[PDB]
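Tertiary structure, described
Listed below are the residues making up each chain.
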Amino acid sequence: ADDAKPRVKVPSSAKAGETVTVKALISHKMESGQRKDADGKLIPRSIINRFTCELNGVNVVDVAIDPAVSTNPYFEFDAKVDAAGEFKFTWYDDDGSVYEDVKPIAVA
Amino acid sequence: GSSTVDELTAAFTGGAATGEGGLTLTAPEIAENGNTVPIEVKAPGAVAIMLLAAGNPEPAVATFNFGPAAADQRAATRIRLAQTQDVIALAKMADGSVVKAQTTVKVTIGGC
């Protein structure tokens, strides 16, 4: 899908072993499959169906997403930062697209 | 035949019962706009938390699977609710046991 711009908010460093809050947003219509067009016909589903956040290649959270997640899906969760490197955020579209964002994080 | 909520719940529990306690489900008493309702779940120790919306045409909302790099087992998102209904959170622990929390959200504008 077009214009699936990710936005992530997460501190850029942490003390080793500290928790950080991660907030991850992407722009997406998330057409649910329940909306009817002007002629009363259902409009086919097309959503982001999965979101992952990995820290230094290890999973923080893996979310299976269904049509009841809102337009512009938003996820917030907490990562333990034991060592420097990077977060990788991935969103999987029903249409086959894969959206990614990478954010560095340093330690102390 | 069982309800869809019951079917999803049974798949998650492996047929065992749901217990109570061990999790928090936070949702507004009244959601002005059912297109976007903030929900937070917390379940210390959970390997996964599944969210259901029992009055939605397709009740499954999302399943959060916590990996090794999660600091704790909190997640927040925003969801759609078609009308006033109960929202259900199920949390599964490392031993396979499941706990349940449920709360009613009143909805003004429908979100499906």
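Residues numbered from 1 in each chain as written, not as in the entry; some residues may be left out. Chains lettered and ligands numbered in written order. Heavy atoms only, no water. Residues with missing side-chain atoms left out of burial classes, pairs and counts.

1. Here we look at the packing of aromatic side chains
Residues and elements named next belong to chain A.
- Across all of its chains, the model carries seven aromatic pairs over all chains by this definition.
- Ring centres of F51 and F77 lie 6.0 Å apart, and the angle between their planes is 55°; this geometry places the pair in the tilted category. Remark: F77 occurs in strand β6 (residues 74-81) and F51 occurs in strand β4 (residues 48-55); sequence separation between them is 26 residues. Residue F51 shares its accessibility class with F77, and that shared class is buried. (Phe/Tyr/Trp six-rings, centres within 6.5 Å; stacked < 30°, edge-to-face > 60°. Helix = DSSP H or I, 4+ residues; strand = E, 2+ residues; numbered from the N terminus. Buried < 20%, exposed > 50% of the residue type's maximum accessible area, 1.4 Å probe, protein only.)

2. What to know about the side chain of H28 of chain A
Residue and element names in this part refer to chain A.
- Tracing the backbone shows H28 in the loop between β3 (18-26) and β4.
- Among the polar contacts listed, one links the side chain of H28 to the side chain of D93, at a separation of 2.8 Å.
- Contacts of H28, omitting those with residues within four sequence positions, involve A1, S46, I47, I48, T71, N72, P73, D93 and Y99. (Polar contact = N/O pair within 3.5 Å; in protein donor to acceptor, adjacent residues only side chain to side chain. Contact = heavy atoms within 4.5 Å.)

3. Section: the pairing of β6 of chain A
- Among the eight residues that make up β6 of chain A, seven are buried, leaving the element largely enclosed by the rest of the structure.
- With eight bridges joining them, β3 of chain A and β6 of chain A adopt antiparallel strand pairing. Note on β6 of chain A: the bridge partner recorded for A24 of chain A is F75 of chain A.
- Where β6 of chain A lies against strand β7 (residues 70-79) of chain B, three bridges are found, and the strand directions are antiparallel. Pairing of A79 of chain A across the sheet is with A70 of chain B, part of β7 of chain B. (Pairing = 2+ DSSP bridges.)

4. Focus: empty space enclosed by the protein
- Considered as a void within the structure, the largest cavity measures approximately 60 Å³ in volume.
- Forming the boundary of the largest cavity are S32, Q34, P67 and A68 of chain A together with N56, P57, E58, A60 and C112 of chain B.
- Per-class residue counts for the lining of the largest cavity are five nonpolar, three polar and one charged. (1 Å grid on protein atoms, 1.4 Å probe; cavity = no way out; pocket = protein on both sides within 12 Å on 5 of 7 lines; lining within 4 Å. Points joined across faces, edges and corners; volume = space filled by probe spheres on them. Nonpolar A, V, L, I, M, F, W, Y, C, P; charged D, E, K, R; others polar.)

5. Some points on the UniProt feature "domain: Ig-like SoxY" (unreviewed entry) in chain B
- Summarizing the sequence annotation, UniProt attributes the feature "domain: Ig-like SoxY" (unreviewed entry) to residues 11-112 of chain B in the numbering used throughout.
- Secondary structure within residues 11-112 of chain B divides into 3% helix and 60% strand; the distance between the first and last C-alpha atoms comes to 25 Å. (UniProt positions renumbered as here; feature names shortened; annotations may be inferred.)

6. Quick notes on helix α1 (residues 4-13) of chain B
Residue and element names in this part refer to chain B.
- For α1, every residue scored as buried is listed here: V5, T9, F12 and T13. Buried residues of α1, viewed axially, fall in a sector of 90°; they line one side.
- Directly beyond the C-terminal end of α1, a positive phi value near 70° is found at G14. (Arc of directions from axis to C-beta.)

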